[PDB]
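Working notes for the structure below.
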Amino acid sequence: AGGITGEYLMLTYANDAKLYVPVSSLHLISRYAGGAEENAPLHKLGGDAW
Amino acid sequence: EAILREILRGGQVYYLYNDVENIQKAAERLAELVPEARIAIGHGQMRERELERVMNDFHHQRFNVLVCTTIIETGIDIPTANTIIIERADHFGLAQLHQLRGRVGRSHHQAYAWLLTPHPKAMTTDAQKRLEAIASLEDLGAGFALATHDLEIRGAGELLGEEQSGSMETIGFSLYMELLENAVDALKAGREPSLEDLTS
Amino acid sequence: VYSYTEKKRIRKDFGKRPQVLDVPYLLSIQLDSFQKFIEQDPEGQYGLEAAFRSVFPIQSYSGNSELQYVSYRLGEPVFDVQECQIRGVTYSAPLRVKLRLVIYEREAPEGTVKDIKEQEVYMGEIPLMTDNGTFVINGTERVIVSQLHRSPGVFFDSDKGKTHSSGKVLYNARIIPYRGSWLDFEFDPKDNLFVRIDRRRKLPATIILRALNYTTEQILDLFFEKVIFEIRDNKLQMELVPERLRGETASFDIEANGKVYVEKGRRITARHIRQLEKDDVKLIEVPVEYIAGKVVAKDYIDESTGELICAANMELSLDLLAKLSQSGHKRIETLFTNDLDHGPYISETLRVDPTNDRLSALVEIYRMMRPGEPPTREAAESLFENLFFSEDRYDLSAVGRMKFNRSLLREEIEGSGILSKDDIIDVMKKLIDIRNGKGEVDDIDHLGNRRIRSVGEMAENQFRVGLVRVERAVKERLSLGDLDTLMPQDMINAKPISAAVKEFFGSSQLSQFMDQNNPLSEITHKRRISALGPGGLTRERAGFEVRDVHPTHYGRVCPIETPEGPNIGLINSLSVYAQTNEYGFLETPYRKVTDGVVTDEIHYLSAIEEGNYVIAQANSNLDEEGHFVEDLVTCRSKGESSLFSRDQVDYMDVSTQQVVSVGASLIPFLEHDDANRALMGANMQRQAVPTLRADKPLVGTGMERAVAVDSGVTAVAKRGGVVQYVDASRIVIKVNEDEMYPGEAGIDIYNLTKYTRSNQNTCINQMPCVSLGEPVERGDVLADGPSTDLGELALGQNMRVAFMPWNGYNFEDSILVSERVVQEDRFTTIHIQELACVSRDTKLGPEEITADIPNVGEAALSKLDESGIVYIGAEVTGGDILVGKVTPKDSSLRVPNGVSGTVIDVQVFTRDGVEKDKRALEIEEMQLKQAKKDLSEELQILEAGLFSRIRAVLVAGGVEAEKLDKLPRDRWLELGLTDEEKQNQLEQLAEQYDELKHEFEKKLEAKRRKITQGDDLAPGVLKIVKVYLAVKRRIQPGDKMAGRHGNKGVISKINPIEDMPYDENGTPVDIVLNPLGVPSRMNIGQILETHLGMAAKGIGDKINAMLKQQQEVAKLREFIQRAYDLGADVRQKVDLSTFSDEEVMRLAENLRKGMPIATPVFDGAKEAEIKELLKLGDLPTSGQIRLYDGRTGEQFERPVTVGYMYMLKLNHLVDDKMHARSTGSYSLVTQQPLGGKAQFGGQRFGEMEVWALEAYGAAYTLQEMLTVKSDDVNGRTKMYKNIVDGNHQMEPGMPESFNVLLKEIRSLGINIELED
Amino acid sequence: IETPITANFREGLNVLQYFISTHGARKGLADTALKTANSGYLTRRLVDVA
Amino acid sequence: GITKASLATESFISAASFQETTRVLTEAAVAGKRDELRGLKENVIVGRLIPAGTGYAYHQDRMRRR
Amino acid sequence: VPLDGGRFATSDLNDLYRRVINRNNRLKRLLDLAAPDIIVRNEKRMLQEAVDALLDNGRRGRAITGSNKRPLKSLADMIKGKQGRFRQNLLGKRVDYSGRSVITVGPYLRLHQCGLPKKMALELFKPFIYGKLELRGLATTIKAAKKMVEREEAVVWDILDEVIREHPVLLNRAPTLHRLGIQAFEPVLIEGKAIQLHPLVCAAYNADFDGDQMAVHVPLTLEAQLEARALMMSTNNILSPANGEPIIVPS
RNA sequence: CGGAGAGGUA
Ligand SMILES: [Mg+2]
C-alpha cells in the first residue's frame, strides 16, 4: 500500500470485483445473518453511482 | 508569504477551497504550512449554528485564516478580512471570480486577491480564457467589461426561452421582434384575456 | 533435403558462394516490434507494461487515495479480420486492466488503509496487427512504416563557413534529450563560447559553468593547463615541459643550464624538443616580456594585510609582477595559452561575462528564462535544479545515455537519465577540443546517429500521451470527495486512450494506405524507412546532404531502391538481413573472422561499431577452409574502402546480397545493370499487376520463394500431413499422427480467399496447387495467392522477345506486341471496383431504393429486381443502373461512363431499427445459410477426424471390426474395451466432441446474431449498398508494360501473327524490343537475362520433345541430371537417384515449359555458364539467331537476338488515363470548368502553355482559350449556339474570373475600375 | 575515391563497386529533381520580365 | 535584376501577377497609377487580344482609331 | 456550399465578416449608451484587430484561427501566391474541348498529322457533330442529336470524317518549356486509345514514349484554325527559335 | 467542386 506490507481479506463480490480490508479492522466483518450460506446473493461494490 | 503578509498586517484571510470532504484535511495542511496562523473551517454543510458561530467569531478577529467554500459569495464582510486566496481558480464562473474579488476591501487597507491556478497545460482552454480575461482587465469599473467578455465566451442563450448563457443556434433577434409584434396585434385585436390571468 | 513443394519444380541455382545464414523472416521488423508492444513484460521495460508502470500508481491531490495498477490483458476481438474488412470496423482488441484503488482513513496519520478495491476496468481499443504486418483500421488496410529520426544524445555539428562571410567555422555542440529542454553551446565569430537553451537568448557559457557551483579558480583549473613561474635570485625562473614549445616562434634567447638551446627568430624545431628531452631540462630563465602578456591562474591575496593584488583571470604585467613579488609571492601560476593548440576560449568568455558568482548566475539564467517575474533565490535555484537535474522534468532515455557516453569516449553505456556536472564539463571539453582540431564533428546522416522508431515504439508513445490525460482526469476526480461509493471505471474514462490511439493508427503521416497490387509491393511497403513524419525533416526542405547514400548504408539500408522524383532517398527501404538493435539503430550481420579462418559465427554489428574493425567484401575468394586465396583483399575500414593484408581482416560479409533490399534482389543480373536502371527496375517491379494465370520467371534470383511465403498472400500449411479434400474454395489437411496434439486432435482447414478486392482495385484470389491425396509438410505452400506460381513470386509473364528495330513501331521506348500475346490470354488482368450508394435521411422524407424511377425505358429496369438492386452476375455497361434511387420532390447509382464488367458481389448495410427490403432479406438468408453451412461442415469434418483417430487408437486393446458398426459413430464409448487408460483417451476425444456439440449450439446463434445485428453507420444515412464490378482489362496500344531492369515503355501496336519476325523453325516472336535502349541506358542485365532465358527455354523445349514422344524415364532422368550439372562449381547439387521414378515424371512435367534458373544477385551466372547451357540445348551459343521477316518473307541480315525476357504489365493502364471533354459542369465561385477525370473536367491550359502561345502569334486562339472556351459564360453559351448553327465565330466579352478579381480587390479599400 | 571500379558491365561488378556506382547515380538523380525545381522559377522570372 | 526590373514595371498588373502582389497593390494604389495595357500579360489577365501576333493588327487599328 | 450531411462549408470570409459585424454592432450600441471610455476603448481595439484580420490576416503575428489550429484565409490571402487569383485562375485556366491520353508512336503518319482515338474525337467535336446532324436533317433538335451521338450509330462516324477533315487540333505536353511544346496537327481517326505522335516531333516535345501523356485542345473559330495551320502546324516549326539549326532532326 | 495528410506517373 505504498511501501508497506499488509495482510488482507479477499472478498469476491458480484462480477468478481475484489475488495480487501485489513485483518486489523476485522470488526467490520460479520457472518451472513439470513441463514442462507448456500443461497446468499452478491452485491456490486458501491452501487451504480454514475 | 501571502498569508503572513495579511496576518502580520493584522487582517483575516479568505482561503477558498471549494470542497467539503477535503477541506477538513486542508485545514491541517495549511496549519502545518503556516504555524503562525489561527485557522478554522466553515462550509455550507455545517449544522447552520456552528456556521454563524464561526462567522461571529470571525467578526471579532478570534482567528485569522478561514478555510471556507463559496458561502462567502453572499459575504458578511468585515473590516480586517483583506486577502482572498482562491485555491483552485481553474474551475470557477468568471462572474463568481469577479464577485469574490469584490468581497475584500471596504476599508482604507489595500487588499489583495490571489488566484492560484494549476499547471498551464492542466487547465482547460475555457479556464485559460477566463484567466487572461480576469488578469488583463484589472482596474476600477471592470465589472461591466468582465461580463462583456463573458459574452461571446459562453454565448447568449435562447432569447425566448429559459437557460441563460448558452451557445445554441435558436431563433434570431429579427424573428423575435416579428413574433412579439404579431402577438401584440393578435392580443389587441379581439377581446383575448391573458394566459396567466386565466390561470386564476 | 527437398520439400515436396520444391520437388515439384527445382529451380536450378547458379552461384558459387555457399550461404551461411538464411534470409530472415522478411516482416521481422513489424511483427517483432509490435509483439514487443503487446506482451507481458516481467522485467517491465517495454510496451504497455512500461507505460503503466511509468504513469501508475497515481496519487490524488488531497493525498488520501492512490489508484494503482496490477496487471493487464488483451481481450478478444468482437469481429474477425475478414468481417472487419467487410463491415468497415477497426480490427481491435479490448484492453482489460486490473486497477486497484486504495482509500486512506482520515483518523490515523499518513499511511493507513481503510478499504482497498480492485476490479478489471475496460480502457481503450488498441488495434491489433494481423498475422502479416498490416492493421485494419476501417476496412482500409493500413501499414505503418518505420521512421528514421535523430537519436537523443549529443551532436557536435558545425557551420561549414556559411554565416557572416569571414570564412570562420563555428563549432557547436548540442544536448538533445529524449524528453526535456534542449541545451546547445555555440561559438561567436569573436571566438567566444556562448550557451543557449531551447533557442532562447544567448548567454556566456561561463554562466552555466558558475551555476554548477564552480568558482573562477575551479573553472580555470578544469579548462586550462598551468605554467609554473618562480621569482628567484635572477629573472623569473619558470618550469617548462619540452613538448610545450611545438609550433611557436622564438622571440628571445632560450637558454638553460649555461646552454643556449634556441636562438630568437627560429621556429621551434623537433630537434629542439628532442635535445631538450635528452639534456633533462625542466627550468628556463625567461625575460620580463614573457609575463607581460600572459594571464594569471589564481587570485593572489596579501600574506600580511589580506588584500587582493591580482584578480582571477587577469593578465600579468610589469608593475603587477612587482606588486606580486613585494607581497612575498614566490610561485606564479599561468594559463598555458596558444593560438593553434590550446586557445583562450574560456578566459575571454569569463572576461565578457558580467557575472561573478553562482547566485547571480542563477538569477541571470532566470531572467533569460522568464521575462518579467523579478527573481528570488528559491525560485531561481529551483528552476535550475529541475531544468537539468530532475528525473521527471528532464530525461535522456537509455538510448540517450548510450549515445551520450559513447560519443564522449566513455565506457559505461548505463547510467542515470539526467545530466550532471561532469557530463556538461566533458561536453565543454570536447567542444573546445574540436575547436583545437583534436577530435572531429559528427555528420548527422551517419546511421549511428539515426534511429529506427518502428510501430511498437510509436504506438507506445501515443498510448502514453493518451494515458497522461487519463492521469489528470483521474487525479481531479479522486480529488473530488465522497470516495467510498465510487469504483475503478467510474473515474477513468476509456475515451482519451481510444481517441489518442485512433488519431495515430487512423490519421498519421506514417500510418499510410497499403500499396497492395502485388505480394512484393505489400512486403516491400511493410519495410519502408521513412525520414519524414513527426519529429523528422520536411519533404520539400531536405538538402542534398540527406538524400545522398552515406557509406554507412552498406548492409543496413538499400542504396538503389528508393522513389525518384520529389522525395529521392527520404523514403529509403531496408536491406535483406538488416535488423533493429535493442536501442533502435540499424545493425547488420557479419561473419567473425578468426586468426586466419573465416568462421560461421554471426555477429550483428551496428553502425558505430563497424567503424573500428575492418570488414572483408562479400565475394572475396576463400577455398574450403576459410583461408583467403589472395594476400591483398578488398575491405572497408572506416567509411571508406581499401586493400588490406590477409591477416588484418576482422569480419566478412554474410551473403553476397546483403547490400540490396528485397524489391531489388529479384532482379537477375543486377551486377550488370546501372544503378539508375536498377532503381527504375525495383520501383516498377513494385507496380506489376497480378495477371490472369501466374507464370514463373525462367530467370529468377532464388529469392522468389522467400517473398511468396513470407508475405501473407499464399496459404501455407501450419502442420504437415495428408490432404483430405481440395476444393477451389477450401483445403482440408489431415494432420500426421506425430505433430498432432493429444486433446482435440482434429484436422486443419484453410478457407481460401476468393475473388475479393485489393486496395488498388486489383483481384486477389488464392487458388489451390495441391491435388487430392497428396502429402504436405510443415511450411508447404498449399494455395498460390495473387501472382504466385507454386509458391514463388510470379509478377508477370515470360515472353519470347527479339531485339531489333522493326519499322519504327518500337521507336523511342515503345514495344511491339504480337497478337498471339492477347490471343493466349496472358496479360488480361481482372479489376474489381466497388461502387457505393447511400440512403440519406433528408427533409421531405428519406430516399427509397425501390425500382420505380421516372423517365426510363424498361431497358433501364431490365436487370434490376423488384427491390431496385441489380442481380449478382448481370453484365452491366457504362450508363446502366446498379441501384435505383429517387429524388424527393433520378438520384440512382449509375455505372460510370466508360467501364464495363460483371456484378459479382452485392452487400447491403442498414442501421438497426430500419426495416429491410426483400432482396436485403434474401441476402441475410444466404448469409445465414453460408455461415451455418461453414460451421456445420466444420463440425462434421471435425467429427470425421475425431472418429478417425478413435478408430485409429482402437487397433490395440479392444479391436472390433464388426461390433463398431453395429451401433453408429456417436456411441463409441460403452463398447467392448477394457477399463484402462485407452478408455480414458476415448473419454477425452468423445467428451471433446461433446464440447464441439456445445460449441455448435452457441457459435451458430452468435453468427446468427452477428448477421442480423445492425451495423454502426455515420449519422445521416440509413442503408448503404455496395456493388462490386469485375472488369477484364486486357491489353491495347497504350498499356505501359515494363521489364525487370528498368526498361519501361508503352506498347504501340498489336501486330498480327504472320507479320511478326519468325525464325528458321517457324515460331513467331511475341515482343520486339528496341536495341537502342541498351547502350545509352546501361542495363546490360536485360540482354544477359534474354540469353539465359533462351537457354532455359531450350532445355524446357528438349524436355518437352522427350515428353511429347513417349520416352522411358531413364532418358529424362539422364537429361535432367545433365541439366542440373554443368555449373562452374555451383552449390545446388541435386541428385536424381533419390527421386522415386514418379516424381521425376512430375518434375519433368513442370519443367516442360522451360527450366527455371536461379541467379543470385551479385554472385550470378557468368558468361561461360550461359554459353554452356545454350550449348546443352541445340541452340546457337552466340545468343543470336537469324530471324526471317514476317511480311516480305526474306531474311533479316545481321542475325538478331532472341530470348525469353520476363515482362510485367504495370498499373498505368490506358483505360484509366484517356479522357476528353466538350462541355460539362463548371466551377462555382469562378466560372471555369472543373478539374479531373472523376469530375468531368477539362485540362488546365497553364502559365507555361499561355507563354507558348504568346511566343507564337496565336492571339485569337489564346483569346478563346482564356475567355470563350473557359470563362466568359455569356461568351461560351453563344459560342455553343454558334457552333451548332454552323458559324465559327466568337463574341469574346470579358472573362468572369477577372470580374471576380475586380470584386476581390474592390472589396478592400482599393478602387480599381476600367476607364473609357 | 582512389580505387576505381576496375570492371565493365559485360563482366560483373562485385558488391563494393556497385555501392560506389550507386552513390554516383543517387547524386545524379537528386540533382536532377531539385534542379528542375530550381529551373522552373528561373524561366518564370525571365518570362515575366521580357 | 530580372526580379526587380519585373516588379518596377510601368504597369501594375504585370507587376502584381508576378510575385509580391500586396506591396505592388499598395504602392500602385497610393500613387493612383494607371495601366494602359501594353504588355502581353495584362491583356491575358483582362481577356482581350494579345498585341503581338494576329492581334497586333487589331491593336494598331484600335490605336489609330483614337 | 453544403457537405451533403446537413451542414455547410466554412467559407472563411463569412467568418471574418461575421466577426467584423458582431464587433461593429457592439461598438454601435456602446456609443448609443454613452459608455465609459475604457470599455469602448477595448471594443474599438478589438474592432480594429478584427478589421486587420479580415483585410490581411497574417501580417500580424497572431493569425486568427477558426479550426484545425489553422489561420483563416483572408481577403488578401485569395490573391497572393501560387493559389491566388492572378497565378491560378487568371493567367492559366482550365479549358473546355480538351482531352488527355497516353501517347504511342504510329510511324506511318505524315509530318502534319497525328492520330486521335475515335472516342476522344467524338467527344471533343460533339457540338460540331450536332451542327452537322441538324444540317443533314437527321435530327431536327439538339436532344435527338444528343441521343444519336450517345448511341453511336453508323452515321456519326461519317459526320466525324466530315468534321475532322481539315481541322487542326493542338497537341501539348505537360512541362511546356518552349514554344515547340504546343503544335497543331491534323487528326487521323484511330481505333485505339492512344494519341499517336509522329516520331520526328519527339525531339521538340522532349517526349519519350515510356508513359508520357499529352493533352489535345481544339481550336473552334475560323481565326483559330487558320492560326493553327499557319503558325502552329508541325510543318512550320522545323527550325528551333533558340538556334537556326533544325529540331525535326531524324532522331 | 472545403481543408489536411499520404503516395504514384512524365
Ligand atoms: Mg517521358
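Letters for chains follow the order of the C-alpha cells (A, B, ...), residue numbers begin at 1 for each chain, and ligand numbers begin at 1 in the order shown.
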
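With only C-alpha atoms (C1' of nucleotides) and all ligand atoms counted, the chains near ligand 1 contribute these residues within 8 Å: residues 206, 207, 208, 209, 210, 211 and 212 of chain F; 10 of chain G.
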
Any chance you can output those residues with C-alpha atoms (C1' of nucleotides) as a PDB file, in the first residue's frame?
```pdb
ATOM      1  CA  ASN F 206      11.171  16.059 -75.431  1.00  0.00           C
ATOM      2  CA  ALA F 207       8.667  13.203 -75.425  1.00  0.00           C
ATOM      3  CA  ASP F 208       9.886   9.691 -74.902  1.00  0.00           C
ATOM      4  CA  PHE F 209       7.191   7.053 -75.299  1.00  0.00           C
ATOM      5  CA  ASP F 210       7.595   5.461 -71.861  1.00  0.00           C
ATOM      6  CA  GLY F 211       4.251   6.553 -70.455  1.00  0.00           C
ATOM      7  CA  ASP F 212       4.010  10.229 -71.340  1.00  0.00           C
TER       8      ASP F 212
ATOM      9  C1'   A G  10       6.156  12.003 -67.099  1.00  0.00           C
TER      10        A G  10
END
```

What are the closest atom pairs, with distances in Å to one decimal, for each residue of chain E lying within 6 Å of chain C, using only C-alpha atoms, rows by chain and rising residue number, as a Markdown table?
```
| residue | atom | partner | partner_atom | distance |
| --- | --- | --- | --- | --- |
| E:47 | CA | C:1267 | CA | 5.9 |
| E:49 | CA | C:1259 | CA | 5.6 |
| E:50 | CA | C:1259 | CA | 4.9 |
| E:53 | CA | C:1257 | CA | 3.6 |
| E:54 | CA | C:1259 | CA | 5.6 |
| E:55 | CA | C:1259 | CA | 5.4 |
```

- [ ] Output the contact residues of chain F with respect to chain E at a cut-off of 12 Å, based on only C-alpha atoms, as an MDAnalysis selection string.
- [x] chainID F and resid 55:56 59 75:93 223:224 226:228 230:231

Task: All residues 9 Å or closer to residue G:7, only C-alpha atoms (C1' of nucleotides), same chain fewer than 5 positions away omitted, as a PyMOL selection string - done: chain C and resi 512-513+515

Open item on the list: With only C-alpha atoms (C1' of nucleotides) as the counted atoms, please give the residues lying no more than 10 Å from residue D:22, apart from itself and same-chain residues fewer than 6 positions off, as a list in words.
Closed with: residues 548, 549, 558, 559, 560, 674, 675, 676, 678 and 679 of chain C; 16 and 28 of chain D

Open item on the list: Set the cut-off to 10 Å and count only C-alpha atoms: what are the residues of chain E that reach chain D? Output as a ChimeraX atom specification.
Closed with: /E:1-9,14-15,17-19,39-41

Would you output that residue set with N, CA, C and O atoms, as a CSV table (one decimal), in the first residue's frame?
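Written out: selection-v7.csv:
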```csv
chain,number,residue,atom,x,y,z
E,1,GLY,N,18.2,43.5,-61.5
E,1,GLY,CA,18.0,42.1,-61.8
E,1,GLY,C,16.6,41.9,-62.3
E,1,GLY,O,15.7,42.8,-62.2
E,2,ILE,N,16.3,40.8,-62.9
E,2,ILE,CA,15.1,40.5,-63.6
E,2,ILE,C,13.9,40.5,-62.6
E,2,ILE,O,12.8,40.8,-63.0
E,3,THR,N,14.2,40.2,-61.3
E,3,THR,CA,13.1,40.3,-60.3
E,3,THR,C,12.7,41.8,-60.1
E,3,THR,O,11.5,42.1,-60.3
E,4,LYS,N,13.7,42.6,-59.8
E,4,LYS,CA,13.4,44.0,-59.5
E,4,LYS,C,13.0,44.8,-60.8
E,4,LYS,O,12.3,45.7,-60.7
E,5,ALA,N,13.6,44.4,-61.9
E,5,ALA,CA,13.2,45.0,-63.2
E,5,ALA,C,11.8,44.5,-63.7
E,5,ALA,O,11.2,45.2,-64.5
E,6,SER,N,11.4,43.4,-63.2
E,6,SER,CA,10.0,42.9,-63.4
E,6,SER,C,9.0,43.6,-62.5
E,6,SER,O,7.8,43.8,-62.9
E,7,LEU,N,9.3,43.8,-61.2
E,7,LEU,CA,8.4,44.5,-60.3
E,7,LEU,C,8.4,46.0,-60.5
E,7,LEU,O,7.3,46.6,-60.3
E,8,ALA,N,9.4,46.6,-61.0
E,8,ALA,CA,9.4,48.1,-61.2
E,8,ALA,C,9.0,48.4,-62.7
E,8,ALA,O,9.7,49.1,-63.4
E,9,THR,N,7.9,47.8,-63.1
E,9,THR,CA,7.3,47.9,-64.4
E,9,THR,C,6.3,49.1,-64.3
E,9,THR,O,5.8,49.4,-63.3
E,14,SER,N,1.1,43.7,-64.6
E,14,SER,CA,2.3,43.0,-65.0
E,14,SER,C,3.3,42.8,-63.8
E,14,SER,O,4.2,42.0,-63.9
E,15,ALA,N,3.1,43.6,-62.8
E,15,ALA,CA,4.0,43.5,-61.6
E,15,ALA,C,3.2,42.9,-60.4
E,15,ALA,O,3.8,42.6,-59.4
E,17,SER,N,0.6,40.3,-60.9
E,17,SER,CA,0.5,38.9,-61.3
E,17,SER,C,1.8,38.2,-61.2
E,17,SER,O,1.9,37.0,-61.3
E,18,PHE,N,2.9,39.0,-61.1
E,18,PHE,CA,4.2,38.4,-60.7
E,18,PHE,C,4.2,38.3,-59.2
E,18,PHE,O,3.2,38.4,-58.6
E,19,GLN,N,5.4,38.0,-58.6
E,19,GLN,CA,5.4,37.8,-57.2
E,19,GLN,C,5.2,39.1,-56.4
E,19,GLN,O,5.2,40.2,-57.0
E,39,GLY,N,1.7,45.4,-72.3
E,39,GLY,CA,2.4,44.1,-72.4
E,39,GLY,C,1.5,43.0,-72.9
E,39,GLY,O,0.3,43.2,-73.2
E,40,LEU,N,2.1,41.8,-73.0
E,40,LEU,CA,1.3,40.7,-73.4
E,40,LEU,C,0.8,39.9,-72.2
E,40,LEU,O,0.2,38.8,-72.4
E,41,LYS,N,0.9,40.4,-71.0
E,41,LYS,CA,0.4,39.7,-69.9
E,41,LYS,C,-0.9,40.3,-69.3
E,41,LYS,O,-1.8,39.6,-68.9
```

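Residue-level contacts from chain B to chain C at 8 Å, counting only C-alpha atoms, read residues 19, 20, 21, 22, 25, 26 and 122 of chain B.
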
So that I have them on file, write out the residues from the current selection with N, CA and C atoms, as an mmCIF file, in the first residue's frame.
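Saved as out01.cif:
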```
data_model
loop_
_atom_site.group_PDB
_atom_site.id
_atom_site.type_symbol
_atom_site.label_atom_id
_atom_site.label_comp_id
_atom_site.auth_asym_id
_atom_site.auth_seq_id
_atom_site.Cartn_x
_atom_site.Cartn_y
_atom_site.Cartn_z
ATOM 1 N N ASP B 19 -14.674 22.830 -1.438
ATOM 2 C CA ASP B 19 -14.868 21.396 -1.286
ATOM 3 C C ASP B 19 -15.288 21.151 0.153
ATOM 4 N N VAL B 20 -16.035 20.074 0.373
ATOM 5 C CA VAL B 20 -16.483 19.737 1.710
ATOM 6 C C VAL B 20 -15.724 18.554 2.299
ATOM 7 N N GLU B 21 -15.402 17.539 1.503
ATOM 8 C CA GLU B 21 -14.730 16.370 2.055
ATOM 9 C C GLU B 21 -13.269 16.658 2.381
ATOM 10 N N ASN B 22 -12.561 17.334 1.479
ATOM 11 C CA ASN B 22 -11.132 17.547 1.649
ATOM 12 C C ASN B 22 -10.789 18.808 2.427
ATOM 13 N N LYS B 25 -9.058 18.136 5.721
ATOM 14 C CA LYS B 25 -7.626 17.898 5.562
ATOM 15 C C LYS B 25 -6.884 19.199 5.311
ATOM 16 N N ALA B 26 -7.424 20.034 4.417
ATOM 17 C CA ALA B 26 -6.727 21.248 4.016
ATOM 18 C C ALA B 26 -6.519 22.178 5.195
ATOM 19 N N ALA B 122 -2.528 21.865 -17.570
ATOM 20 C CA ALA B 122 -3.578 21.103 -16.905
ATOM 21 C C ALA B 122 -4.947 21.756 -17.040
#
```

Open item on the list: Please check the contacts: residues of chain C at most 7 Å away from chain G, using only C-alpha atoms (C1' of nucleotides), listed as a list in words.
Closed with: residues 509, 512, 1227 and 1234 of chain C

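Within chain A, DSSP run on the backbone puts these residues in helix (DSSP H, G or I): residues 14, 15, 16, 26, 27 and 28 of chain A.
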
Could you write those residues out with N, CA and C atoms, as a PDB file, in the first residue's frame?
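Result file follows (selection.pdb):
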```
ATOM      1  N   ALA A  14     -20.050  -9.381  -6.541  1.00  0.00           N
ATOM      2  CA  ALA A  14     -20.584  -9.661  -7.868  1.00  0.00           C
ATOM      3  C   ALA A  14     -19.655  -9.135  -8.957  1.00  0.00           C
ATOM      4  N   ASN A  15     -19.610  -9.867 -10.075  1.00  0.00           N
ATOM      5  CA  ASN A  15     -18.747  -9.601 -11.229  1.00  0.00           C
ATOM      6  C   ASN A  15     -17.264  -9.632 -10.878  1.00  0.00           C
ATOM      7  N   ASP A  16     -16.914 -10.339  -9.798  1.00  0.00           N
ATOM      8  CA  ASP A  16     -15.530 -10.578  -9.373  1.00  0.00           C
ATOM      9  C   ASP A  16     -14.755  -9.280  -9.153  1.00  0.00           C
ATOM     10  N   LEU A  26     -11.045  -6.215  11.519  1.00  0.00           N
ATOM     11  CA  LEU A  26     -11.874  -7.405  11.359  1.00  0.00           C
ATOM     12  C   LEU A  26     -13.286  -7.172  11.882  1.00  0.00           C
ATOM     13  N   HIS A  27     -13.465  -6.172  12.748  1.00  0.00           N
ATOM     14  CA  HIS A  27     -14.774  -5.856  13.308  1.00  0.00           C
ATOM     15  C   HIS A  27     -15.716  -5.191  12.310  1.00  0.00           C
ATOM     16  N   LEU A  28     -15.293  -4.994  11.063  1.00  0.00           N
ATOM     17  CA  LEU A  28     -16.191  -4.554  10.002  1.00  0.00           C
ATOM     18  C   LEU A  28     -16.824  -5.722   9.262  1.00  0.00           C
TER      19      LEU A  28
END
```

Task: Contact set, chain B to chain F: 12 Å, only C-alpha atoms, as a ChimeraX atom specification - done: /B:136-149,151-152

Export, as a compact mmCIF listing (two decimals), in the first residue's frame, the selected residues with C-alpha atoms.
```txt
# COMPACT_ATOMS: atom_id res chain seq x y z
CA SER B 136 -5.90 41.72 -18.13
CA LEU B 137 -8.92 43.94 -17.42
CA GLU B 138 -7.89 44.83 -13.87
CA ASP B 139 -8.87 48.37 -12.86
CA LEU B 140 -11.79 50.30 -11.42
CA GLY B 141 -15.05 49.73 -13.24
CA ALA B 142 -14.13 46.27 -14.55
CA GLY B 143 -17.50 44.82 -13.55
CA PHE B 144 -19.11 45.54 -16.91
CA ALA B 145 -16.08 44.59 -19.01
CA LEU B 146 -15.85 41.16 -17.41
CA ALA B 147 -19.47 40.33 -18.25
CA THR B 148 -19.00 41.78 -21.73
CA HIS B 149 -16.08 39.40 -22.21
CA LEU B 151 -20.50 37.11 -23.51
CA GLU B 152 -19.03 35.57 -26.72
```

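Atom to atom, atom CA of residue B:92 and atom CA of residue B:71 stand 13.9 Å apart.
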
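Note that atom CA of residue C:104 and atom CA of residue C:116 are 8.8 Å apart.
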
Closest pair table for chain C residues within 10 Å of chain A, only C-alpha atoms, as JSON lines:
```
{"residue": "C:57", "atom": "CA", "partner": "A:2", "partner_atom": "CA", "distance": 9.2}
{"residue": "C:66", "atom": "CA", "partner": "A:2", "partner_atom": "CA", "distance": 8.8}
{"residue": "C:68", "atom": "CA", "partner": "A:1", "partner_atom": "CA", "distance": 9.1}
{"residue": "C:98", "atom": "CA", "partner": "A:17", "partner_atom": "CA", "distance": 9.6}
{"residue": "C:100", "atom": "CA", "partner": "A:18", "partner_atom": "CA", "distance": 9.0}
{"residue": "C:101", "atom": "CA", "partner": "A:19", "partner_atom": "CA", "distance": 9.6}
{"residue": "C:102", "atom": "CA", "partner": "A:1", "partner_atom": "CA", "distance": 7.6}
{"residue": "C:103", "atom": "CA", "partner": "A:1", "partner_atom": "CA", "distance": 9.8}
{"residue": "C:104", "atom": "CA", "partner": "A:1", "partner_atom": "CA", "distance": 9.8}
{"residue": "C:111", "atom": "CA", "partner": "A:2", "partner_atom": "CA", "distance": 8.0}
{"residue": "C:112", "atom": "CA", "partner": "A:1", "partner_atom": "CA", "distance": 8.1}
{"residue": "C:113", "atom": "CA", "partner": "A:1", "partner_atom": "CA", "distance": 7.6}
{"residue": "C:114", "atom": "CA", "partner": "A:21", "partner_atom": "CA", "distance": 6.8}
{"residue": "C:115", "atom": "CA", "partner": "A:21", "partner_atom": "CA", "distance": 5.2}
{"residue": "C:116", "atom": "CA", "partner": "A:20", "partner_atom": "CA", "distance": 5.2}
{"residue": "C:117", "atom": "CA", "partner": "A:19", "partner_atom": "CA", "distance": 4.5}
{"residue": "C:118", "atom": "CA", "partner": "A:18", "partner_atom": "CA", "distance": 5.1}
{"residue": "C:119", "atom": "CA", "partner": "A:17", "partner_atom": "CA", "distance": 4.5}
{"residue": "C:120", "atom": "CA", "partner": "A:17", "partner_atom": "CA", "distance": 7.2}
{"residue": "C:121", "atom": "CA", "partner": "A:17", "partner_atom": "CA", "distance": 9.7}
{"residue": "C:483", "atom": "CA", "partner": "A:46", "partner_atom": "CA", "distance": 9.6}
{"residue": "C:484", "atom": "CA", "partner": "A:46", "partner_atom": "CA", "distance": 7.0}
{"residue": "C:485", "atom": "CA", "partner": "A:46", "partner_atom": "CA", "distance": 4.4}
{"residue": "C:486", "atom": "CA", "partner": "A:46", "partner_atom": "CA", "distance": 5.9}
{"residue": "C:487", "atom": "CA", "partner": "A:46", "partner_atom": "CA", "distance": 7.0}
{"residue": "C:488", "atom": "CA", "partner": "A:17", "partner_atom": "CA", "distance": 9.7}
{"residue": "C:489", "atom": "CA", "partner": "A:50", "partner_atom": "CA", "distance": 9.8}
{"residue": "C:490", "atom": "CA", "partner": "A:50", "partner_atom": "CA", "distance": 6.7}
{"residue": "C:491", "atom": "CA", "partner": "A:50", "partner_atom": "CA", "distance": 9.4}
```

TODO: Mind giving me the straight-line distance from atom CA of residue C:390 to atom CA of residue C:418 in Å, one decimal?
DONE: 6.7 Å

Task: Contacts of residue B:66 at 8 Å (only C-alpha atoms (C1' of nucleotides); same-chain gap of 2+ positions) as number ranges by chain - done: B: 12-15, 39-42, 63-64, 68
